[PDB]
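The structure appears below as structure tokens.
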Amino acid sequence: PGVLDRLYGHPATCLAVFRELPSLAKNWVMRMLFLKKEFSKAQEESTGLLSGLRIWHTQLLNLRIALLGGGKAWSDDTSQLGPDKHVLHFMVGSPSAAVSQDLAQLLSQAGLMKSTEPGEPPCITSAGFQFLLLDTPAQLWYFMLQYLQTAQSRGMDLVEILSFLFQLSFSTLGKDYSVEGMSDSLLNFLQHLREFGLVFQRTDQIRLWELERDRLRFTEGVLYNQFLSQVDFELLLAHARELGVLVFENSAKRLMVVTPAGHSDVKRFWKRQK
Amino acid sequence: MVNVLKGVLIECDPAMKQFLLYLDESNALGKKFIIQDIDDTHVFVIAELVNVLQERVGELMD
Amino acid sequence: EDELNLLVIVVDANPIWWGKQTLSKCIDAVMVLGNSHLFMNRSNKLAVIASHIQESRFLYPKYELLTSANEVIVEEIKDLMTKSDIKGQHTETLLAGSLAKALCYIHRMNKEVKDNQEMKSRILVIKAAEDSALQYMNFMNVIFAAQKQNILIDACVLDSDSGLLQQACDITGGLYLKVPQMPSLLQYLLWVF
């Protein structure tokens, strides 16, 4: 028994040390998970704490029954912690943690219904800017939240959940872009939504890579420069295009040179100052 | 030397196709507008609007 | 689920657990494993026995029963904790006795089942202790009985060196694993066998 605190302590130490900047915690948190845990954990620094928080519910999957109930008891504490904490990394952590608590089925639907966290997942879900990585955890949270409700008879949350409907515009975008990953996430939301509440609701190809290549063919959109007053002004204006990497061509005997459109403006500015 | 600037499109075709573009320029109707000048054998200053036509015509032509 | 399955778990009680310094945790993990096992199929049953230094004792004897199983196990082990056979006062454990008890139970369950169809059973030992020469005849007797019965004896050695158990798995055609990292006990139980 005495050994238990010591061994697991060392990994608690390691996680503590490289807690701040990256994502070291995930592997170590898992080990930590097995061996009032939540109450004690709360004091420790947030990141990593959340990581431990995330994996522990997952890890549960007799005494086990006792464990779940015990976890249910301090679901609020983690929930209070989840908000308030609320980068992409952090954001991923908060929803991943929330998602995990949700599958556990410890969270109270009421309470969840009126909370900032649910607004935040659809908010990121709405915005085009969010990256694929944030998207997948946001999506997963939503899926899990709906999964949590196996009733909807008594689940205020399955109202706010409706917030998925807002997502369609986002799916239109995303579709416009070739973002398959984002679209798939949307479909999962839809499918899961329907699932919960469904009851309530009513060679040959050689020429095809050649036909692809027929759609690519080169030229560049471009400014030409001529009638330069003396050689020093070709060479300055030329060297200042070459360091900008937007020389398409040059001929010093012509006193003539070519810049593609994207560095017309840095050349127009250098031509005015010096 | 920043005397004059001209927006144009720079075509970096091969020593085979370029002359064709020349040929496209002349002996053509509604053309000869196409090439501003031949800067190099490989490169030409050309068109802008004409580029779509030059490419398409080359495609259609052998 | 068609085949009834009895898995007997023999837990080595030896105070070596002190070295383990936790027994409480080991019990919690074993309980989780049992619950999963019972949940997998209706036909699965479990028996738990403790091989202590002095003697072997029955901790418990279906999944519906699990709540009962949990209480019975916690209570039984606590009684076992007594000072006698403390620390490496006694290095060995009475595995032979435990195995004998296990085979008796398996036999009885089998006879009842015989009225019906066949039963499949296997014995799992969680072994903390060391073997001894005096132990050889008794242990081997039980081991050979199991092999003849075609009952595999698997062993998970958290620590110590029980060669006889290693031999037991080989003869029996069971599985033997010396666990590096004893805290990973739960994974071994689920994954290993």
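In the structure tokens, the first chain shown is A, the next is B, and so on; residue numbers restart at 1 for each chain, and ligands run from 1 in the order shown.
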Could the residues of chain A that have an atom at most 9 Å from chain C be listed as a tab-separated table, each with its closest atom pair and the distance in Å to one decimal, counting only C-alpha atoms and ordered by chain and ascending residue number?
residue	atom	partner	partner_atom	distance
A:1	CA	C:21	CA	3.1
A:2	CA	C:21	CA	4.5
A:3	CA	C:21	CA	4.3
A:4	CA	C:22	CA	5.9
A:5	CA	C:21	CA	8.8
A:31	CA	C:184	CA	8.7
A:34	CA	C:183	CA	8.3
A:35	CA	C:183	CA	7.0
A:60	CA	C:32	CA	8.8
A:62	CA	C:67	CA	5.5
A:63	CA	C:31	CA	6.4
A:64	CA	C:32	CA	6.0
Would you write out those residues with N, CA, C and O atoms, as a PDB file, in the first residue's frame?
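The file below, part_4.pdb, is the result:
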ATOM      1  N   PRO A   1       0.821  -1.214   0.000  1.00  0.00           N
ATOM      2  CA  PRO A   1       0.000   0.000   0.000  1.00  0.00           C
ATOM      3  C   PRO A   1       0.854   1.263   0.000  1.00  0.00           C
ATOM      4  O   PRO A   1       0.643   2.150  -0.826  1.00  0.00           O
ATOM      5  N   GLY A   2       1.810   1.337   0.921  1.00  0.00           N
ATOM      6  CA  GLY A   2       2.687   2.488   1.019  1.00  0.00           C
ATOM      7  C   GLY A   2       3.382   2.802  -0.291  1.00  0.00           C
ATOM      8  O   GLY A   2       3.698   3.957  -0.576  1.00  0.00           O
ATOM      9  N   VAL A   3       3.620   1.768  -1.091  1.00  0.00           N
ATOM     10  CA  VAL A   3       4.270   1.929  -2.358  1.00  0.00           C
ATOM     11  C   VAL A   3       3.391   2.693  -3.303  1.00  0.00           C
ATOM     12  O   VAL A   3       3.881   3.474  -4.117  1.00  0.00           O
ATOM     13  N   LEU A   4       2.066   2.509  -3.200  1.00  0.00           N
ATOM     14  CA  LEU A   4       1.166   3.053  -4.177  1.00  0.00           C
ATOM     15  C   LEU A   4       1.311   4.541  -4.280  1.00  0.00           C
ATOM     16  O   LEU A   4       1.458   5.073  -5.381  1.00  0.00           O
ATOM     17  N   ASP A   5       1.299   5.271  -3.153  1.00  0.00           N
ATOM     18  CA  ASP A   5       1.378   6.688  -3.310  1.00  0.00           C
ATOM     19  C   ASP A   5       2.692   7.088  -3.901  1.00  0.00           C
ATOM     20  O   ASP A   5       2.763   7.976  -4.751  1.00  0.00           O
ATOM     21  N   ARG A  31      -1.580   6.843 -17.355  1.00  0.00           N
ATOM     22  CA  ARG A  31      -1.007   5.928 -16.405  1.00  0.00           C
ATOM     23  C   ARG A  31      -1.526   6.278 -15.048  1.00  0.00           C
ATOM     24  O   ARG A  31      -1.885   5.414 -14.249  1.00  0.00           O
ATOM     25  N   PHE A  34      -5.217   5.140 -13.704  1.00  0.00           N
ATOM     26  CA  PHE A  34      -5.656   3.972 -12.996  1.00  0.00           C
ATOM     27  C   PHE A  34      -5.328   4.116 -11.547  1.00  0.00           C
ATOM     28  O   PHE A  34      -6.209   4.158 -10.692  1.00  0.00           O
ATOM     29  N   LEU A  35      -4.011   4.195 -11.254  1.00  0.00           N
ATOM     30  CA  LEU A  35      -3.607   4.078  -9.882  1.00  0.00           C
ATOM     31  C   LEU A  35      -3.930   5.245  -9.009  1.00  0.00           C
ATOM     32  O   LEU A  35      -4.805   5.137  -8.150  1.00  0.00           O
ATOM     33  N   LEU A  60     -12.726   3.981 -16.781  1.00  0.00           N
ATOM     34  CA  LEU A  60     -13.607   3.178 -15.985  1.00  0.00           C
ATOM     35  C   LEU A  60     -14.046   1.993 -16.790  1.00  0.00           C
ATOM     36  O   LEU A  60     -14.201   0.896 -16.259  1.00  0.00           O
ATOM     37  N   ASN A  62     -19.215  -3.847 -10.072  1.00  0.00           N
ATOM     38  CA  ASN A  62     -19.288  -3.922  -8.645  1.00  0.00           C
ATOM     39  C   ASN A  62     -18.674  -2.667  -8.126  1.00  0.00           C
ATOM     40  O   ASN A  62     -19.338  -1.641  -7.987  1.00  0.00           O
ATOM     41  N   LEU A  63     -17.366  -2.732  -7.835  1.00  0.00           N
ATOM     42  CA  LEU A  63     -16.655  -1.598  -7.335  1.00  0.00           C
ATOM     43  C   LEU A  63     -16.753  -0.544  -8.384  1.00  0.00           C
ATOM     44  O   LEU A  63     -16.764   0.648  -8.081  1.00  0.00           O
ATOM     45  N   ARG A  64     -16.833  -0.967  -9.658  1.00  0.00           N
ATOM     46  CA  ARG A  64     -16.926  -0.034 -10.740  1.00  0.00           C
ATOM     47  C   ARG A  64     -18.166   0.784 -10.557  1.00  0.00           C
ATOM     48  O   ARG A  64     -18.159   1.988 -10.808  1.00  0.00           O
TER      49      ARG A  64
END
Exercise. Residues of chain B in helix (DSSP H, G or I) according to DSSP, as a list in words?
Worked result: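 Answer for chain B, restricted to helix (DSSP H, G or I): residues 18, 19, 20, 21, 22, 23, 24, 25, 50, 51, 52, 53, 54, 55, 56, 57, 58, 59 and 60 of chain B.
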Could you list, with a cut-off of 12 Å and counting only C-alpha atoms, the residues of chain A near chain B, each shown with its nearest atom pair and the distance in Å rounded to one decimal, rows sorted by chain and ascending number, as a Markdown table?
| residue | atom | partner | partner_atom | distance |
| --- | --- | --- | --- | --- |
| A:214 | CA | B:59 | CA | 9.0 |
| A:215 | CA | B:56 | CA | 11.0 |
| A:216 | CA | B:55 | CA | 11.1 |
| A:217 | CA | B:55 | CA | 8.2 |
| A:218 | CA | B:11 | CA | 7.7 |
| A:219 | CA | B:11 | CA | 4.9 |
| A:220 | CA | B:10 | CA | 5.7 |
| A:221 | CA | B:9 | CA | 5.0 |
| A:222 | CA | B:9 | CA | 5.0 |
| A:223 | CA | B:7 | CA | 4.2 |
| A:224 | CA | B:6 | CA | 4.9 |
| A:225 | CA | B:5 | CA | 4.4 |
| A:226 | CA | B:4 | CA | 5.1 |
| A:227 | CA | B:3 | CA | 5.4 |
| A:228 | CA | B:1 | CA | 3.1 |
| A:229 | CA | B:1 | CA | 4.2 |
| A:230 | CA | B:1 | CA | 5.8 |
| A:231 | CA | B:1 | CA | 7.3 |
| A:232 | CA | B:1 | CA | 7.8 |
| A:233 | CA | B:1 | CA | 4.6 |
| A:234 | CA | B:1 | CA | 5.6 |
| A:235 | CA | B:1 | CA | 9.0 |
| A:236 | CA | B:1 | CA | 9.2 |
| A:237 | CA | B:2 | CA | 7.7 |
| A:238 | CA | B:1 | CA | 10.3 |
| A:247 | CA | B:10 | CA | 11.2 |
| A:248 | CA | B:10 | CA | 8.0 |
| A:249 | CA | B:43 | CA | 8.5 |
| A:250 | CA | B:39 | CA | 9.5 |
| A:251 | CA | B:39 | CA | 8.7 |
| A:252 | CA | B:1 | CA | 11.8 |
| A:253 | CA | B:39 | CA | 11.4 |
| A:254 | CA | B:39 | CA | 8.9 |
| A:255 | CA | B:1 | CA | 8.2 |
| A:256 | CA | B:39 | CA | 8.9 |
| A:257 | CA | B:39 | CA | 9.5 |
| A:258 | CA | B:10 | CA | 7.7 |
| A:259 | CA | B:10 | CA | 9.1 |
| A:260 | CA | B:9 | CA | 8.5 |
| A:261 | CA | B:7 | CA | 8.4 |
| A:264 | CA | B:7 | CA | 9.5 |
| A:267 | CA | B:2 | CA | 9.5 |
| A:268 | CA | B:2 | CA | 9.0 |
| A:269 | CA | B:2 | CA | 11.2 |
| A:270 | CA | B:2 | CA | 10.0 |
| A:271 | CA | B:2 | CA | 6.4 |
| A:272 | CA | B:2 | CA | 9.2 |
| A:273 | CA | B:2 | CA | 11.7 |
| A:274 | CA | B:2 | CA | 10.9 |
Restricting the output to C-alpha atoms, write the selected residues as a PDB file, in the first residue's frame.
ATOM      1  CA  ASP A 214      -5.064  19.424 -69.561  1.00  0.00           C
ATOM      2  CA  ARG A 215      -6.767  21.629 -66.839  1.00  0.00           C
ATOM      3  CA  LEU A 216      -3.418  23.013 -65.328  1.00  0.00           C
ATOM      4  CA  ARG A 217      -1.394  24.767 -68.196  1.00  0.00           C
ATOM      5  CA  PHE A 218       1.093  27.630 -67.382  1.00  0.00           C
ATOM      6  CA  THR A 219       1.503  31.395 -67.805  1.00  0.00           C
ATOM      7  CA  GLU A 220       1.919  34.145 -65.054  1.00  0.00           C
ATOM      8  CA  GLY A 221       0.062  37.419 -64.232  1.00  0.00           C
ATOM      9  CA  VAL A 222       2.798  39.992 -64.395  1.00  0.00           C
ATOM     10  CA  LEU A 223       4.336  43.511 -64.486  1.00  0.00           C
ATOM     11  CA  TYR A 224       7.103  44.289 -67.003  1.00  0.00           C
ATOM     12  CA  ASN A 225       9.611  47.165 -66.328  1.00  0.00           C
ATOM     13  CA  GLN A 226      11.425  49.068 -69.213  1.00  0.00           C
ATOM     14  CA  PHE A 227      13.109  52.401 -70.208  1.00  0.00           C
ATOM     15  CA  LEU A 228      15.236  52.408 -67.009  1.00  0.00           C
ATOM     16  CA  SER A 229      17.375  55.579 -66.695  1.00  0.00           C
ATOM     17  CA  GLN A 230      20.759  53.933 -65.837  1.00  0.00           C
ATOM     18  CA  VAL A 231      22.133  50.459 -64.950  1.00  0.00           C
ATOM     19  CA  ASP A 232      22.313  51.031 -61.139  1.00  0.00           C
ATOM     20  CA  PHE A 233      18.492  51.455 -61.026  1.00  0.00           C
ATOM     21  CA  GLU A 234      17.969  48.188 -62.948  1.00  0.00           C
ATOM     22  CA  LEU A 235      20.366  46.357 -60.612  1.00  0.00           C
ATOM     23  CA  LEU A 236      18.873  47.815 -57.360  1.00  0.00           C
ATOM     24  CA  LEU A 237      15.267  47.264 -58.496  1.00  0.00           C
ATOM     25  CA  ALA A 238      16.265  43.727 -59.749  1.00  0.00           C
ATOM     26  CA  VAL A 247      11.616  37.631 -60.435  1.00  0.00           C
ATOM     27  CA  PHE A 248      10.109  35.644 -63.334  1.00  0.00           C
ATOM     28  CA  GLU A 249      12.809  36.912 -65.746  1.00  0.00           C
ATOM     29  CA  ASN A 250      15.642  39.464 -66.139  1.00  0.00           C
ATOM     30  CA  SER A 251      17.934  40.668 -68.947  1.00  0.00           C
ATOM     31  CA  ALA A 252      20.577  43.242 -67.940  1.00  0.00           C
ATOM     32  CA  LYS A 253      21.463  44.010 -71.632  1.00  0.00           C
ATOM     33  CA  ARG A 254      17.756  44.968 -72.229  1.00  0.00           C
ATOM     34  CA  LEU A 255      17.542  46.907 -68.910  1.00  0.00           C
ATOM     35  CA  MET A 256      14.254  44.966 -68.639  1.00  0.00           C
ATOM     36  CA  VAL A 257      12.718  42.653 -66.036  1.00  0.00           C
ATOM     37  CA  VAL A 258       9.466  40.928 -64.991  1.00  0.00           C
ATOM     38  CA  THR A 259       7.625  40.658 -61.612  1.00  0.00           C
ATOM     39  CA  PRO A 260       4.517  38.491 -60.970  1.00  0.00           C
ATOM     40  CA  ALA A 261       1.528  40.414 -59.569  1.00  0.00           C
ATOM     41  CA  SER A 264       4.127  44.543 -57.728  1.00  0.00           C
ATOM     42  CA  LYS A 267       8.449  46.956 -55.907  1.00  0.00           C
ATOM     43  CA  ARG A 268       6.163  50.072 -56.254  1.00  0.00           C
ATOM     44  CA  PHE A 269       7.099  50.973 -52.649  1.00  0.00           C
ATOM     45  CA  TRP A 270      10.873  50.376 -53.085  1.00  0.00           C
ATOM     46  CA  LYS A 271      10.770  52.470 -56.362  1.00  0.00           C
ATOM     47  CA  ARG A 272       9.357  55.398 -54.241  1.00  0.00           C
ATOM     48  CA  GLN A 273      11.845  55.167 -51.302  1.00  0.00           C
ATOM     49  CA  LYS A 274      15.414  54.848 -52.711  1.00  0.00           C
TER      50      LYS A 274
END
Problem set entry | d(CA of residue 133 in chain C, CA of residue 91 in chain C) in Å | 12.4 Å
Exercise. Near residue 183 in chain A, counting only C-alpha atoms, which residues have an atom at most 10 Å away, once you skip same-chain residues fewer than 4 positions from it, shown as a list in words?
Worked result: residues 170, 171, 172, 173, 174, 175, 177, 178, 179, 187, 188 and 189 of chain A
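In the backbone-derived DSSP annotation, strand (DSSP E or B) within range 9-249 of chain A comprises residues 220, 221, 222, 223, 224, 225, 226 and 249 of chain A.
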